[PDB]
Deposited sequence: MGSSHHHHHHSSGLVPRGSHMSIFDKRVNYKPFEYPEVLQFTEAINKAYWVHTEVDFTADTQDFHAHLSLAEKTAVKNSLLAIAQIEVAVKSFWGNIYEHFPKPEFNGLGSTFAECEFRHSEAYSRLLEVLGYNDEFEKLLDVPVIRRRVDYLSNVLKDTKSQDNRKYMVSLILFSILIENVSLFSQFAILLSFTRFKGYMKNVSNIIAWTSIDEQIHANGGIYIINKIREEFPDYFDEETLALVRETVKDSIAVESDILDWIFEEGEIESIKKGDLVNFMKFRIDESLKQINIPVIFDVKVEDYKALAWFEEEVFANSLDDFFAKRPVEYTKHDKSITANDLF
């Protein structure tokens, strides 16, 4: 009932370990812990046989390019989460950061293994030859520009875009494409386990980011202004344009039976809008999205 006249912010350093000022962190770490997995649990022999015998050029191409697009984000040093404590110096945020950081190394190892197993290391090494990828790297660098910024204004914008695009949306069209092969044709079941587990992790990461973003709004309403949002939406709209072109590239040998480009665009636009709601930003696209409403239950079924 009684508001304090003064308090320490999320940007100030609490030295004592417990109690946690942001105890809900444990919901996110415990969810990662419960979902803990590594790629060494999985054998891809059946998938390679399905691939070899029963997929068309168009289908194989979608699988290859969807995995290349996933690896473009996942097979990399992704230092964001490991450094959040430099910005939010609370013990529980080192906990959240380190938990998500370790998770990202499990991801990089899993996708690095998939590239090896399917014989795409060469295409991956030369992926910057693809125009739409050069363009995705450009938008990603713009999300990431202020991730190590001492300016807390500019760090918070990096965090919104990281949480809403990179964690919640950039990969998810590829995850759906891959899951569709298992859903509708019963193929690539082992790849779909990896995909589903990654989806579960990434949703947790996105929500963790959202949580922090809302704690920052709850404490600093003034940085959540007019010109900030002009950056957010411009950047987001533009990011979808690039992800739409990624889909054109993924299906460059033709559309496939199990999933369609149009429905995936509405899937991404819907997912964005739904996360903007959660950080009290009004929607951009306002979406059709029932087409890929099966995603969440297919993730659950392939999680085992």
query: Counting from 1 along the deposited sequence, what's missing?
result: 1-13, 301-303, 321-344
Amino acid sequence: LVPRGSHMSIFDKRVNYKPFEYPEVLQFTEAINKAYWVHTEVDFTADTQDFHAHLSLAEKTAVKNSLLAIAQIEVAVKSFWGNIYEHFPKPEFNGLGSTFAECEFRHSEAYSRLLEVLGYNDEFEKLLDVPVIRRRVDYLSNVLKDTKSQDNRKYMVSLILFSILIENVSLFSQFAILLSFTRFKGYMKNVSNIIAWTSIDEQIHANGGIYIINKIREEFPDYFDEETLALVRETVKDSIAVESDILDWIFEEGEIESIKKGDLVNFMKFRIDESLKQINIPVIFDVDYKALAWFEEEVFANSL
From here on, numbers count along this sequence of modelled residues.
message: Mean CA temperature factor from the deposited coordinates, higher in 165-173 or in 137-145?
response: 137-145
- line: Entry B factor averaged over C-alpha atoms, 40-48 against 60-68: higher for 40-48
task: Could you tell me which one of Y120, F184, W197, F80 shows the highest CA temperature factor in the PDB record?
output: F184
statement: Comparing C-alpha B-factors across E202, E102, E227, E116 in this entry, the winner is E227
message: Split into thirds by Cα B-factor across the chain's modelled residues, where does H107 land: lowest, middle or highest?
response: lowest
statement: On the chain's distribution of Cα B-factors, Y223 falls within the third called highest
message: Quick check on the deposited entry: does the C-alpha B-factor of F285 sit in the lowest, middle or highest third of its chain?
response: highest
task: Grab the CA temperature factor for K189 from the record and place it in the lowest, middle or highest third of its chain.
output: middle
message: Lowest, middle or highest third: which one holds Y155 when the chain's residues are ordered by CA B-factor from the entry?
response: highest
